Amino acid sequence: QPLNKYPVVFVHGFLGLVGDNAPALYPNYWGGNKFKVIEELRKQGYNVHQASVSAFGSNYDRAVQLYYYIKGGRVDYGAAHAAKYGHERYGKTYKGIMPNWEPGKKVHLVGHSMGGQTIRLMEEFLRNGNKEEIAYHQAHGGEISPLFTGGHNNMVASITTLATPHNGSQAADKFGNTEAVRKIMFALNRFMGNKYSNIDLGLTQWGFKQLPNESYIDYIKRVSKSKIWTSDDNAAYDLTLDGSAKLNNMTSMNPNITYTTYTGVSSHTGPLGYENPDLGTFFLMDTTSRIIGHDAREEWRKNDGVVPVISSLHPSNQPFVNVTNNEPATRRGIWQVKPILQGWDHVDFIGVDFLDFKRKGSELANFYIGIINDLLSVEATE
């Protein structure tokens, strides 16, 4: 029946909220009003889905949630990890988009921003398990999620990344992960965990859910004891250069998977060597773009508003090949780097810059159909 033999799962980045979990007024993540990715691709005959995973959590908490979003079941972050970071072992429970997901039945994974990192960690868990959980289950018995055991291959056909900070972003190191902004973020999470909230921001495993009989005052008091306030097991840390390099160091190439990256630039060179945002960079990124563009190291400057080009092209020290837009993108085991999209800021990729009339719906539609054609090539040349 569907044109693609393997389902496509789109994975959102940091601050992303999709589907039922989006606030009452909030942009449609995959395509804004420009090209409604999920709905239009379904209409054309493709089987596509929009994953929903923590908007503020770590790559690790998100990757476990992605496994359960696809497979179904109750999220198990692992006993060793829960105990090490001081959050709940068990999280939400998902119905599962493909409850029969197993070696043989594969999925295509497409990630935007942080979603690109989360996809890689999940593949890493399927193939290799999680050593600390294996050791923990060895020493203490109990149950271990099959996500953590390793040995599970032929489950992912492809990994495609769009403006992913594979090597981190200075917009995290210098704002985002600063004390003052982590506090803003975490206050927002506490608020949206109140007894009348229908929207889950992705940190309830740290205690941010007010109980039905608990006053707000007591809730503030309970949740100020949470480890979240000083932990690294969160997105803001993960997106920093250190945080993303930890992830690069624990991943490896799968020789069966087709890897491919897209990257945009939306900065231009100032007469001093520094990069400044183009007119029509989504305006919420004027400051983050300047921070990146004024880096001491010249090759870290060119950026999309919030991720530097060097971070998006591919994980550093992982094999890659610059590829053209024409040729098939059909090589396995190697990051295929697509030519830089000129004038595309971070959010032009998902269509939510409603202020920018140069980036047209017809264009974004061609962009996503181009990905889908590549994914169909991957299937045809298996």
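Numbers follow the displayed sequence, beginning with 1.
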{"query": "Higher-scoring stretch by recorded Cα B factor average, 145 to 153 or 97 to 105", "finding": "97 to 105"}
{"query": "351 to 359 set against 330 to 338, stretch whose average Cα temperature factor tops the other in the entry", "finding": "351 to 359"}
{"query": "C-alpha B-factor winner, where the candidates are 126, 82, 236, 309", "finding": "236"}
{"query": "Chain-wide C-alpha B factor ranking for residue 268, given as lowest, middle or highest third", "finding": "highest"}
{"query": "Chain thirds of CA B-factor: placement of residue 274", "finding": "highest"}
{"query": "Chain third (lowest, middle, highest) by recorded CA B-factor, residue given as residue 198", "finding": "highest"}
{"query": "Chain-relative CA temperature factor third for residue 138", "finding": "highest"}
{"query": "Ranked against its chain, the third holding the CA B-factor of residue 65", "finding": "middle"}
